[PDB]
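Peer 1: Provide a 3D model corresponding to the input given below.
(one chain, ligands or ions: 10)
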Amino acid sequence: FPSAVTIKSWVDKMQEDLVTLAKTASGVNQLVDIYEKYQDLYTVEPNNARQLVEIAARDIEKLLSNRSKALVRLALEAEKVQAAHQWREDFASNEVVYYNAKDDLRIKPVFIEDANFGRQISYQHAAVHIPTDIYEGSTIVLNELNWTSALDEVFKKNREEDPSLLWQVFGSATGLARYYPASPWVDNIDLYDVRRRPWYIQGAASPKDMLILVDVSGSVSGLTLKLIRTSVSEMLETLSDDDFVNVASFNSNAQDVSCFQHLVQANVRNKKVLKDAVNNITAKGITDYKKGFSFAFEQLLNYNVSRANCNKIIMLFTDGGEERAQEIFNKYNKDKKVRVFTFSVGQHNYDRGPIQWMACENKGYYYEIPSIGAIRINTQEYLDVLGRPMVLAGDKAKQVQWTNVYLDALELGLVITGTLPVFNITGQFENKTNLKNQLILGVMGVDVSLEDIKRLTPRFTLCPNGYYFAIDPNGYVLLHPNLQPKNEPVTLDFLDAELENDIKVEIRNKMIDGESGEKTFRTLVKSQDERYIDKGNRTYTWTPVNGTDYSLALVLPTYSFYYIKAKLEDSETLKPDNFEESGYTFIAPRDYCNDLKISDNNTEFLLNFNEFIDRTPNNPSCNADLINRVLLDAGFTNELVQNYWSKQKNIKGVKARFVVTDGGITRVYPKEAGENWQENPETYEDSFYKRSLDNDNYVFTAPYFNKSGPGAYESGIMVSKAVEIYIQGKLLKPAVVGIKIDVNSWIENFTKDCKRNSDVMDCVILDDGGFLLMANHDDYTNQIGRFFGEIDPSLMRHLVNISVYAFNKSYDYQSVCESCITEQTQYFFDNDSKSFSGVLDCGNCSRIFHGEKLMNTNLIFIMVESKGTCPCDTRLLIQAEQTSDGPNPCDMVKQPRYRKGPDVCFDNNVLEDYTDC
Ligand SMILES: *[C@@H]1O[C@H](CO)[C@@H](O[C@@H]2O[C@H](CO)[C@@H](O)[C@H](O)[C@H]2NC(C)=O)[C@H](O)[C@H]1NC(C)=O
Ligand SMILES: *[C@@H]1O[C@H](CO)[C@@H](O[C@@H]2O[C@H](CO)[C@@H](O)[C@H](O)[C@H]2NC(C)=O)[C@H](O)[C@H]1NC(C)=O
Ligand SMILES: CCC1=C[C@@H]2[C@H](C1)C[C@]2(CN)CC(=O)O
Ligand SMILES: *[C@@H]1O[C@H](CO)[C@@H](O)[C@H](O)[C@H]1NC(C)=O
Ligand SMILES: *[C@@H]1O[C@H](CO)[C@@H](O)[C@H](O)[C@H]1NC(C)=O
Ligand SMILES: *[C@@H]1O[C@H](CO)[C@@H](O)[C@H](O)[C@H]1NC(C)=O
Ligand SMILES: *[C@@H]1O[C@H](CO)[C@@H](O)[C@H](O)[C@H]1NC(C)=O
Ligand SMILES: *[C@@H]1O[C@H](CO)[C@@H](O)[C@H](O)[C@H]1NC(C)=O
Ligand SMILES: *[C@@H]1O[C@H](CO)[C@@H](O)[C@H](O)[C@H]1NC(C)=O
Ligand SMILES: *[C@@H]1O[C@H](CO)[C@@H](O)[C@H](O)[C@H]1NC(C)=O
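Peer 2: Residues are numbered from 1 along each chain as shown. Ligands and ions are numbered 1, 2, ... in the order given. Structure as follows:
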């Protein structure tokens, strides 16, 4: 431990060496000089966030309006055809002809392949879906097959007028599903009912302030207990993420099963914790109805918590109950706002009389659940009886409702769909019966893919840091770079998606529910890897969409306010046989032109690209801006490689050199050094590019540890720095460059006290995130590129608590583990100080350390005495996708995120029949 001045000198020498090597071997100056010297084949253009937000909002409104129009016409035609149906019985004479999918491949279809639909499709016929439990050959379904045989013409008309429709289906209470571009069922067993789907259920009823009141007496233990638990689980599954629910189990007293005590949003986390709670039921005691309904009613009368102010109902799960509990029904229901849905799960000798009487005297309905067979079917019927006010409202109630993003059930990715209910509109010029008009015939919907939405989002005209994201009133995100499936609808809150900050909370709480404005603020930015974060400032611009409840926002860091494009008009430089002279080329598989296809193999893709370019700027239907950009970018990169990298054939310390750039061209000077390139050729999706755009200094990216593929000694350490240009006075950051540092050279030049082969002191260097990059111990350097906490936790904890390092812990619910919650920890530099000293103590012994950050880099040099003298490992610091369960769902419902609800709800209709008991 020589001295602070000695450490100063050592750090100064190391920083000067590393910075001069990176700068010289990268040629950032040369690249900026090329850009600024040309300055005539391109043209910088303003990126007006407000204007682009408005344009995207109008386009998305127009698309959704088109879909709504199609859905409306389909519903009207269905209404007419069902109105004029003669309802025959004998179908022997007229053999009903229809294509039944999932059969042994009625019609023998041709099934021609087409684009935009990965599977074989047909257009002349539509396909019919039948759940396996539903029996065909009965008149009860064959009447539906008949009257729905007339929707094919309207399907064809929709597809003809607008060729961009993805899908269109009709779901009836019978169980049929007719979707137009007839494809074989994906199943080459399945519990698929069209009724048991989010898109069906959303349109079949209104949002509800529902409660479950489980009977938990001593008599409901065993087979009936498991039956009731399964029934409650499936009722929760039936419930959506715009409703509110609790489950109380009255046992001489209305105790709460869970830790909420008031109505909660019933999103995925609440659902899961409630499933755990209802799986941990203990049933021992007697029955007392009065307390249960009193507790439920005072929960339903809160009006201090976040609720929808909509169809408040109560569902009772009981085995046997004779109490009338009429002192809580007769008096405290002048508003008549409760619907008691009394169930009967399992087998019991107790009288059904009071149960059915309570069911049909409190505006609700009665059900009987004998076994597991009926739980899947006899659970969904409450939506039919909640739809009675909706059908009575009729034209007012007929509105299109869009769902959240979810995994398409036949492998087309993430899709949102519309919905519209279909009635017995049958003779209302006289209004003869109107008795079965209460029951809904079914719903129908049209699908739009997030690919179609993102086609309206030109993400390639700005920096990779910039992006579009859209949010719903519930607060979930519609589009986001971080929005990825796992294979359950994809649920991702805005705060959950991006970083969490008071300014973001404020903008969501204040100016997203129909307001327009902008705000520039400084907040942390999470790197694309789960390794790094960085400080920066951004401005968000948002507008409301008039057509739909959704809202759109745009993100623009204050260096992508402008963008660069090609001013009007080297192609042979992108040729594999010329790689040995022009670097090893990758090209980003962007949708450059409609003729070509995504060919991620990328070498046949590169030859395809250059072949198509050879086969002519005419471009009848060929995207010109991207082609111009990539050609200009390839010109710049090739000139760099020819004029700078060619002169120095090889350098002892420089294992490789590279460049990525806006347009999608990346080049490695040796083909041998390009063979072991592992990063994808999409410029916008590699992490180090974004990292270098964010940072103002050289960024050192640690290699991975314990991974297949040689990336430690035969690849080296990767450095990066973004290029900055000034044309008329405003900053632009087109590209980044970098090199590969030879590990052996770095060892032997770091050896320049800090001798090896001994355990007295450690001389170790880190970066922003505590990843090891160099060591002299000869046992740390073998395990290079791994988190410093996993090898030396005591010193890392001392650094964290002395606050040279800060950390955030994001939670990513969308992940694959072997639903899965990942604790993503990111360490970073917080304080703007470059000198740290002190003594860390583990008890009997002591250790002296002195760290100093390297200037113009994200590196820090730490000197400390060896751990041979001080055995100290309290707990191991690990930095990975942790298997955890956080935050606590009991505590975050007390202060829930701000939410807005629909203004239109249909409950308490004046003239409902409800005569059936
Ligand atoms: C509502 O639609 C149903 C079919 O889904 C109709 O049910 C049949 O209606 C005819 C004529 O009204 C009766 O002769 C049948 O016996 C009915 N079926 C059953 C099972 O009884 C129903 O009529 C429709 N409502 C109206 C007013 O037409
Ligand atoms: C090892 O460190 C030495 C300096 O201590 C570096 O030597 C310089 O190398 C650059 C080119 O890389 C030359 O332009 C300088 O003139 C050299 N200076 C001196 C004093 O030798 C060397 O680059 C380092 N090598 C590695 C592998 O990092
Ligand atoms: C069951 C037949 C169909 C329903 C439409 C389409 C075809 C699958 C569908 C659109 N995503 C609903 C669903 O995904 O379950
Ligand atoms: C919407 O419909 C109009 C008219 O039917 C059509 O011109 C247009 O291409 C459709 N699609 C979009 C996204 O506007
Ligand atoms: C329904 O079936 C009858 C024969 O049972 C047939 O005459 C009638 O045309 C069918 N309805 C249609 C095609 O709408
Ligand atoms: C970021 O932007 C804000 C507002 O425009 C500004 O006050 C702040 O100084 C900026 N950050 C830096 C690094 O200057
Ligand atoms: C759409 O909403 C914006 C938001 O304030 C409003 O200014 C505009 O007038 C609305 N346009 C229509 C046609 O409703
Ligand atoms: C990519 O395409 C080339 C065609 O030259 C082929 O040799 C190679 O095996 C392909 N790579 C993969 C991973 O399939
Ligand atoms: C490295 O990987 C192998 C297999 O994946 C495993 O057995 C071993 O424990 C790992 N070593 C370390 C240090 O993580
Ligand atoms: C995230 O980092 C910021 C910046 O220092 C800090 O104020 C905040 O408390 C951190 N949050 C978590 C969850 O660690």
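Peer 1: can you give me the helices in the stretch 51-200 of the chain?
Peer 2: Assigned by DSSP state H, counting those that start in this stretch, the helices in the stretch 51-200 of the chain fall at 139-148, 152-161, 198-204.
Peer 1: Could you do the stretch 601-750 of the chain as well?
Peer 2: For the stretch 601-750 of the chain, helices defined by DSSP H, counting those that start in this stretch occupy the ranges 603-614, 624-640, 671-675, 687-694, 743-750.
Peer 1: Pull out the buried residues from stretch 592-611.
Peer 2: 592, 593, 602, 605, 606, 608, 609, 610 (16 or more other Cβ atoms under 10 Å). C-beta here means a position set from N, CA and C on the backbone, and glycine is covered the same way.
Peer 1: Please report how far the closest residue to ligand 1 within the stretch 551-700 of the chain lies from residue 475.
Peer 2: In the stretch 551-700 of the chain, the residue found nearest to ligand 1 is residue 551; the distance is 39.9 Å by Cβ to the nearest ligand atom. Distance, residue 551 to residue 475, by Cβ to Cβ, to the nearest Å: 10 Å.
Peer 1: Those two: which is more packed in?
Peer 2: residue 551 (24 against 20; other Cβ atoms under 10 Å).
Peer 1: Is residue 715 in contact with residue 701, as I believe?
Peer 2: No: the pair residue 715 / residue 701 is not scored as a contact, 11.2 Å apart, by Cβ atoms under 8 Å.
Peer 1: near ligand 1, which residues of this protein?
Peer 2: Selection of the chain residues close to ligand 1 by Cβ under 6 Å from any ligand atom yields 87, 424, 426, 433, 436.
Peer 1: Reformat those as TSV; add secondary structure.
Peer 2: Shown next, in TSV, are the residues of the chain next to ligand 1 (DSSP: H, G, I helix; E, B strand; the rest coil):
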residue	secondary structure
87	coil
424	coil
426	coil
433	coil
436	coil
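Peer 1: Let me see the contact set for the closest residue in space to residue 679 that isn't next to it in sequence.
Peer 2: Distances taken as Cβ to Cβ, 6 or more residues apart in numbering place residue 686 nearest to residue 679, at 4.8 Å, with adjacent residues excluded. By Cβ atoms under 8 Å, 6 or more residues apart in numbering, residue 686 lies in contact with 528, 660, 679, 680.
Peer 1: Closest to residue 161 out of the residues you listed?
Peer 2: Here the nearest of these to residue 161, counting by Cβ to Cβ, is residue 680; it sits at 39.2 Å.
Peer 1: picking up where we left off before, residue 715 and residue 701: which has the busier surroundings?
Peer 2: Shown here are residue 715 and residue 701; by other Cβ under 10 Å, residue 701 has more neighbours (24 against 20).
Peer 1: So what pairs up with that one in the strands?
Peer 2: residue 718 (DSSP bridges).
Peer 1: That one and ligand 6, how far apart?
Peer 2: Distance, residue 701 to ligand 6, using Cβ to the nearest ligand atom, to the nearest Å: 23 Å.
Peer 1: helix, strand or coil for residue 249?
Peer 2: strand.
Peer 1: Nearest residue to it in space, please, no chain neighbours.
Peer 2: residue 216 (3.7 Å).
Peer 1: which residues touch the one you found?
Peer 2: 249, 250, 251, 281, 282, 283, 285 are the contacts of residue 216 under Cβ under 8 Å, 6+ apart.
Peer 1: Done for today, thanks.
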